[PDB]
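Notes to accompany the following structure.
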Amino acid sequence: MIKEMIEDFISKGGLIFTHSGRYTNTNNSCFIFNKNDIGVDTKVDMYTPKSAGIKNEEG
DNA sequence: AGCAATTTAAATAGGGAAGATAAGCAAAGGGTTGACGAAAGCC
């Protein structure tokens, strides 16, 4: 399910971003979602504390 | 005690043999490098 997942994300810290300083330093935790660069094939990153979240039937 | 000459021509061709093989092993490791969240003493 997808809504189940979006809400699983929201019960947690719940950040979706296209740019971050988390890659520069893992202790940083700055997450930035730019709106202008979202396109058809724009890959999009997300953050959860310790990457938590349930999986689907396909894992 | 330096003086030692000039031109001219330097071979055309025919051949550079194929047949064989070119190992099989067994190794090639992991040891550290984790940030948030949550109890839990402690100024």
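Numbering (the UniProt record's numbering), first residue to last: 1 to 59. No residue lacks a Cβ here, since even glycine has one placed at the ideal position from N, Cα and C.
Residue i in three-state terms, based on DSSP
{"i": "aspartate 8", "result": "helix"}
{"i": "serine 51", "result": "helix"}
Cβ pair residue i, residue j closer than 8 Å
{"i": "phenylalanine 33", "j": "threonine 48", "result": "no"}
{"i": "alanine 52", "j": "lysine 3", "result": "no"}
{"i": "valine 44", "j": "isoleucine 16", "result": "yes"}
Cβ shell of residue i (< 8 Å), same chain only, five flanking positions each side left out
{"i": "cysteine 30", "result": "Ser20, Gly21 and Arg22"}
Neighbourhood of residue i by C-beta, 7 Å cutoff - its chain only, sequence neighbours within 5 removed
{"i": "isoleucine 54", "result": "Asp8"}
Residue i versus residue j - alpha carbon distance
{"i": "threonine 26", "j": "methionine 46", "result": "14 Å"}
{"i": "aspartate 37", "j": "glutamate 57", "result": "32 Å"}
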